[PDB]
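Peer 1: build me a model from this:
(one chain, ligands or ions: 2)
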Amino acid sequence: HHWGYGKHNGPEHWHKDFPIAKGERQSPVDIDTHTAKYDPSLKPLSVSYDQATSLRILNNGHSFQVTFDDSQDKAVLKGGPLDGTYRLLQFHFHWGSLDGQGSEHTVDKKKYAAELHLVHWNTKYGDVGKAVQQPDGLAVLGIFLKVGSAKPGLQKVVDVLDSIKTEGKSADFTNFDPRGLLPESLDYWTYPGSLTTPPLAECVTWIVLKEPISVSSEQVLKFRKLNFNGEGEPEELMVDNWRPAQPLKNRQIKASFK
Ligand SMILES: C[C@@]12CCC[C@H]1[C@@H]1CCc3cc(OS(N)(=O)=O)ccc3[C@H]1CC2
Ligand SMILES: [Zn+2]
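Peer 2: Numbering: from 1, shown residues only. Ligands and ions are numbered 1, 2, ... in the order given. Let me share the structure:
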């Protein structure tokens, strides 16, 4: 009886195995755009993905992820609200059963069809396992997906999902350029939070881009054909793999932009 997103093992149950689920800096949150304060001291985000080396694509029974070589400073996030340099480990998505839900963060209570997370860890801690034990260990870059025009840079991902349908499956996924997933603007909101799946560790500086990317209905339909289950188990579509907004508590969301 592992955790998941269903009625009997979903987000409302997670606190039993992971008591930090009711902690002081949990994610995601609703971003109330009128209460977020513009911080003129926030630097532009520095996204250096030119030398990114993607390795594999994997269905982990809760999302799919594209993994990168994080053994050197090849694809790094710095600047913005961050001190130091953060290496790209992986990206993954959260999405809905229908277009009106799927994102984890919300914007004035609006839910997007999906949300892309690019997960990075602070090189001062040496490895990601160490970094998850630190309050400034990880930086996750969050990008909203709306449904409209296709995102050409996403298509290579969508086209291999047939090959990793069920939990456990992975495939080679080299030479993928994550720059093709980014919107024009790097205007962002930032706040201190957590991982949004178990272990829910409070180790994340969240950087959520204001500008969504558009993806097509056909692209998001391919996400929804994935399965939570392993091959040979009853088929349960991998949909609604998002944690709802959590209490903001004693936190301020800062905007990089007016
Ligand atoms: C593998 C691991 C132990 C060492 C490294 C750990 C990763 C770090 C990246 C990551 C991103 C997640 O999704 S999100 N949504 O919070 O970005 C959710 C969870 C984890 C944990 C799971 C546990
Ligand atoms: Zn995520």
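
Peer 1: for the residue lying farthest from the centre of the chain, helix, strand, or coil?
Peer 2: Going by CA atoms, centre = their mean, the residue of the chain most distant from its centre is residue 232, 28.6 Å out. Assigned state for residue 232: coil (three-state reduction, DSSP: H, G, I helix; E, B strand; the rest coil).

Peer 1: distance-wise, check it relative to ligand 1.
Peer 2: Using CB to the nearest ligand atom, to the nearest Å, one gets 25 Å for the distance from residue 232 to ligand 1. Placement of C-beta: from N, CA and C, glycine included.

Peer 1: and if you look at residue 160?
Peer 2: The gap separating residue 160 from ligand 1 is 21 Å, by CB to the nearest ligand atom.

Peer 1: and the host helix or strand of that residue, how far out from the chain middle?
Peer 2: Residue 160 belongs to helix 155-160 when assigned by DSSP states H and E. Mean-position distance between helix 155-160 and its chain equals 18 Å (CA atoms, centre = their mean, to the nearest Å).

Peer 1: stretch 117-128 now?
Peer 2: Mean-position distance between stretch 117-128 and its chain equals 14 Å (CA atoms, centre = their mean).

Peer 1: quick one: end-to-end distance for that stretch.
Peer 2: Using CA to CA, to the nearest Å, the end-to-end distance of stretch 117-128 comes out at 16 Å.

Peer 1: return the set of buried residues in that stretch.
Peer 2: Neighbour counts over stretch 117-128 (16 or more other CB atoms under 10 Å) mark 117, 118, 119, 120, 121, 122, 123, 125, 128 as buried.

Peer 1: kindly report the same for stretch 69-77.
Peer 2: Applying a neighbour-count criterion of 16+ other CB under 10 Å, the buried positions in stretch 69-77 are 69, 70, 74, 75, 76, 77.

Peer 1: isn't residue 179 up against residue 49?
Peer 2: Yes: in this structure, residue 179 sits in contact with residue 49. The criterion is CB atoms under 8 Å, and the distance is 5.1 Å.

Peer 1: quick one: which of these two has more around it?
Peer 2: Comparing residue 179 with residue 49 by neighbour count (other CB atoms under 10 Å), the higher total belongs to residue 49, at 18 against 13.

Peer 1: tell me how far the more buried one lies from residue 182.
Peer 2: To residue 182, residue 49 is 8 Å away according to CB to CB, to the nearest Å.

Peer 1: again with residue 50
Peer 2: 13 Å.

Peer 1: who has more neighbours, the two?
Peer 2: Neighbours per residue (other CB under 10 Å) separate residue 50 from residue 182, with residue 182 holding more: 18 against 9.

Peer 1: my guess is that one contacts residue 142. True?
Peer 2: No: assessed by CB under 8 Å, residue 182 is found out of contact with residue 142, at 11.7 Å.

Peer 1: just the strands in the stretch 101-250 of the chain please.
Peer 2: Assigned strands in the stretch 101-250 of the chain, in chain order: 106-107, 114-122, 138-147, 170-172, 188-193, 204-209, 213-215 (criterion: DSSP state E, counting those that start in this stretch).

Peer 1: which residues touch the fifth one?
Peer 2: Among residues not part of strand 188-193, those counted as contacts by CB atoms under 8 Å, 6 or more residues apart in numbering are 25-29, 31, 36, 42, 45, 80-81, 135, 202, 204-210, 251-257.

Peer 1: helices - which of those residues land there?
Peer 2: Secondary structure from DSSP state H places none of the contacts of strand 188-193 in helices.

Peer 1: give me the common contacts of residue 182 and residue 142.
Peer 2: Between them, residue 182 and residue 142 share the neighbouring residues residue 209, with contact defined by CB under 8 Å, 6+ apart.

Peer 1: could you redo the strands of the stretch 101-250 of the chain as TSV and give each row distance to ligand 1?
Peer 2: Written out in TSV, the entries for the strands of the stretch 101-250 of the chain read as follows (distance: least, CB to the nearest ligand atom, whole Å):
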stretch	distance to ligand 1
strand 106-107	15
strand 114-122	4
strand 138-147	5
strand 170-172	15
strand 188-193	9
strand 204-209	6
strand 213-215	17
